[PDB]
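Peer 1: Fold the following, please.
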Amino acid sequence: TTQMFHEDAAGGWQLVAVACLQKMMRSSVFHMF
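Peer 2: Numbering: from 1, shown residues only. I have put the structure below:
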């Protein structure tokens, strides 16, 4: 689901792609702790 078709403001069919704690809680250091 990297990209999806969606109507834009004008024209269409653009196919666009698709917080410290959020960045840290995937860290391996947190898992070790």
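Peer 1: all strands in this protein, in order from the N-terminus.
Peer 2: Secondary structure of the chain (DSSP state E): strands located at 3-4, 16-17.
Peer 1: Quick one: list the elements packing against the last one.
Peer 2: Think strand 16-17. The helices and strands touching strand 16-17, judged by 3 or more CB pairs under 8 Å, 6 or more residues apart in numbering; DSSP states H and E, are strand 3-4. (C-beta placed from N, C-alpha, C; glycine too.)
Peer 1: What strands line up against the strand it packs on, and which way round?
Peer 2: strand 16-17 (antiparallel) (DSSP bridges).
Peer 1: Please enumerate the helices of the protein.
Peer 2: Taking DSSP state H to define them, one finds helices in the chain at 20-25, 28-32.
Peer 1: how about those helices in CSV, adding mean neighbour count and distance to residue 5?
Peer 2: Formatted as CSV, these follow (neighbours: other CB atoms under 10 Å; distance: least, CB to CB, whole Å):
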stretch, mean neighbour count, distance to residue 5
helix 20-25, 8, 28
helix 28-32, 8, 37
